[PDB]
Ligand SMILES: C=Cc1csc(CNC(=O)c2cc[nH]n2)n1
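Next up: a single chain in structure tokens, the form solved without this ligand.
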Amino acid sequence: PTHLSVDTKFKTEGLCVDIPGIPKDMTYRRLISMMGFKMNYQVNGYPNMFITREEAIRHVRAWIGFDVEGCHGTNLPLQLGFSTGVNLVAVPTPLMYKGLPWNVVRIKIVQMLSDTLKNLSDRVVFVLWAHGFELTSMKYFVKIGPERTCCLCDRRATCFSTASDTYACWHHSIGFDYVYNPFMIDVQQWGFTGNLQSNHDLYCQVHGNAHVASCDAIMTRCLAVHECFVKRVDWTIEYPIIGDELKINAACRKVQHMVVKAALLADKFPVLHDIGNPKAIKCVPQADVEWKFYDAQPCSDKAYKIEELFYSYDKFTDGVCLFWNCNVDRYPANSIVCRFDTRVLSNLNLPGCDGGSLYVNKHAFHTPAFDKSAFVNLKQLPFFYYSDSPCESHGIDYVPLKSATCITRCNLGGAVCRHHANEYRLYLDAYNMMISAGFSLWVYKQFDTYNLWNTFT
């Protein structure tokens, strides 16, 4: 059971207002045929246009919500809405475009999907709340057949051009007019009571219903993200590397060791309460401190309430609390915090449910909306580099470093050595990588790097 059987049953009740008289008994095979496509008994990598919830989850980066609303349908104009906020009007002859024939609408669809998806995925998954018009409109912009490769590269073909009779991936599709071998999933097949807006609004207050097709496309995809990543969580699914995943993760580990090490050296807390991932390891193994761990999985729905995390019966007020990606409603004043900023624009961060974002880096993590009020008892952690390692080069040309934030014995002594200058510049690069990936760093108000200078005596 790798792919979705074309002989699987498809519930058609949601389709009968646009398509009156639709048979109750229906398979994906008959549905695809009714959509004007022909599968021709082809065992060439594309067994079905529709996919399972499990395949959809593995391909979350390819998700594009799609809705079609009849403005007046062979005789009537259709409004094509996508979760990118785009609305196109197709004539049979929140960005709104005026009525145009299918031959030009299809060119815009290819361009839009290609720019959105080229750095996210090898495919497109149309996420629907199917009522009929969206399925019957696909024949005007989609072509299907065997799996193919790009004419200019080795990636799989996602587009076709009738002008040159060629196939292309999302990176090489300029001027292509057809979407080739797209995938799709109907959210209505998952068993819901009531319409799209009533199910979406149960969990999300950030997406409204401005009554246009793109609003429904956005609500549709958001509801699918809620079901697959908020209410259901699977950390055993691995996602491919598409960007700076490894550098970002390495940078996070470097910054954590640095910040926690200097907080312990500057304020000498007797105990550190490490709250978060139950698989955490001490980030400063040589530190004197009493290291105590508290297990909390990443919260994917709402931030943890500090009262439920700390109360219900031990002394968190003693020493310092470390919340490394442990999203709480209000941090205590004695904290060291790393909190992901859901508003960050990146190829790793996908739009999520109710202000949250879906951060995909090896695993998918739905993260509650970033809230500046969580950090009221703390301040932003300033950049700094600290090193007690000896000044000794060993073993990439040089320019002398001058910086008030290079906290080393050589800078204290008046002149930064080559070793600490190379290490500072590498650390600053890792730091900038982590911040630009969306991570934010917060610290207890008494934290002062001036206290690190006397750790060299």
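Numbering starts at 1 and runs along the sequence shown.
One more form of this protein exists, namely the form solved in complex with this ligand; it is left out here, but the text below deals with it.
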**Request:** Would you mind fitting this ligand into the shown chain by superposing the local C-alphas on its pose in the deposited bound form and telling me if the pocket reads open or blocked at 2.4 Å from backbone or C-beta atoms, 3 atoms or more being blocked?
**Result:** blocked
**Prompt:** Since exactly one of 79, 188, 114, 387 fits, which has a heavy atom within 4.5 Å of this ligand in the deposited bound form?
**Reply:** 79
**this ligand contact at residue 372 in the deposited bound form, heavy atom, 4.5 Å** = no
**Message:** Would you classify residue 228 as touching this ligand in the deposited bound form, given a 4.5 Å non-hydrogen atom cut-off?
**Reply:** no
**Request:** Evaluate residue 152 for contact with this ligand in the deposited bound form, applying a 4.5 angstroms cut-off between non-hydrogen atoms, and reply yes or no.
**Result:** no
**Message:** Considering non-hydrogen atoms and a 4.5 Å limit, does this ligand approach residue 109 in the deposited bound form?
**Reply:** no
**Item:** Within 4.5 Å of this ligand in the deposited bound form: residues from 206-235 (heavy atom criterion)
**Value:** 211, 212, 213, 216
